[PDB]
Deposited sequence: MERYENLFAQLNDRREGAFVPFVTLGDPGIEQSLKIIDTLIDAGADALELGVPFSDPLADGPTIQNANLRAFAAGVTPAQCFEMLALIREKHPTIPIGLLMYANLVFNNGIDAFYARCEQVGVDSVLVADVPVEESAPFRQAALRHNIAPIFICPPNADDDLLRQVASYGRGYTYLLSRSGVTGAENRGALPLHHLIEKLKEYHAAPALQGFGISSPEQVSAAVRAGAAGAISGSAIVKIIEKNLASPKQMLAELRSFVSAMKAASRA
């Protein structure tokens, strides 16, 4: 989790927020995915959120559902994802890497064994989308034993008990949820939540769910949050250019450049 600590320190000494794109590993194929992610990092991604293809992504709308399907159409397995993660980490030693998991893929071969493999390939954090703080104990204990930060969601209408729980249980960053619903660039902050998290010594906040334009990025940083995550806007650029691999990459680099720039105050 130290990579998150060091990134937020340097972003503080530069007066700017983090831009954190999301992609599903192996979309649309393994080799193109690795190339996409390098292009994201070259265009200015501060950290990564990476999805492992899951058969039933409950928290994802159609854009990221179709990403998962494309990956499965390329035969992408969790095992291949861990080989990709090792190749990304080998190229990028300081970039924080976070996984977006569903619980069955963590629980499947053993929770401890999952986090042990994450540590082996150099993953820094793991967010399990369908595990609330109320069920999190064996996941966050296994995460910490393997130096993985467990990421917790702070939802829009959280009470004080949730705020204090998420502050004490999480590491790396706090996931500031923009709204109810599922992921998507078609459906578009709360300053009070950002400030209560600081009082309780929570990990720094990143806003996600619905961020698709530079303006939304600048808004989050100004609200005092530490940065912002965009999945679907990234993914649709992939979807629209499946037949033009290098037109895809050019459009990805242009988009990420604009989103990154918006985080600079």
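The sole unmodelled region of the deposited chain is 189-191.
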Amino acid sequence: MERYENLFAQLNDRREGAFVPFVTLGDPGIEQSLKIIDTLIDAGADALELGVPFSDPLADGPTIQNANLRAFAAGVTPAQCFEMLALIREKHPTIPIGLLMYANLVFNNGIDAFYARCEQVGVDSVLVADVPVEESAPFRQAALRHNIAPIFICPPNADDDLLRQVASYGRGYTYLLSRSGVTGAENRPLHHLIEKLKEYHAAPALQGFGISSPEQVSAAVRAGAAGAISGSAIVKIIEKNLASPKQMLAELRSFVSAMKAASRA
From here on, numbers count along this sequence of modelled residues.
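Take the two forms, superpose them, and find the largest set of C-alpha atoms that agree within 1.5 Å; that set is the rigid core.
The segment moving more, judged by mean Cα distance from this form in 9 other deposited structures of this protein after a core overlay, is 151-159 among 151-159 and 96-104. Two stretches, 208-216 and 26-34, are weighed by how far their CA atoms sit from the shown form in 9 other deposited structures of this protein after rigid core superposition; the farther one is 208-216. Compared with other PDB entries of the same protein, residue 146 is present in all of those that resolve the residues around it, none of them, let alone a third, dropping it.
For residue 134, the fraction of other compared entries lacking coordinates, among those that model flanking residues, is zero, nowhere near a third. On average the C-alpha atoms of 74-82 have higher B-factors than those of the other stretch, with 74-82 and 102-110 being the two compared. Higher mean CA B-factor, judged across 58-66 and 30-38 from the recorded values: 30-38. Comparing the C-alpha B-factors of 45, 52, 234, 220 in the entry, the top value falls on 220. When the C-alpha B-factors of 124, 135, 195, 90 are read from the PDB record, the largest value belongs to 195. Sort the modelled residues of the chain by CA B factor and residue 157 lands in the highest third.
The entry lists a Cα temperature factor for residue 168 that places it in the middle third of the chain's modelled residues. When the modelled residues of the chain are ordered by C-alpha B-factor, residue 182 sits in the middle third. The entry lists a Cα temperature factor for residue 20 that places it in the lowest third of the chain's modelled residues. In the PDB entry, residue 207 places in the lowest third of its chain by CA B-factor.
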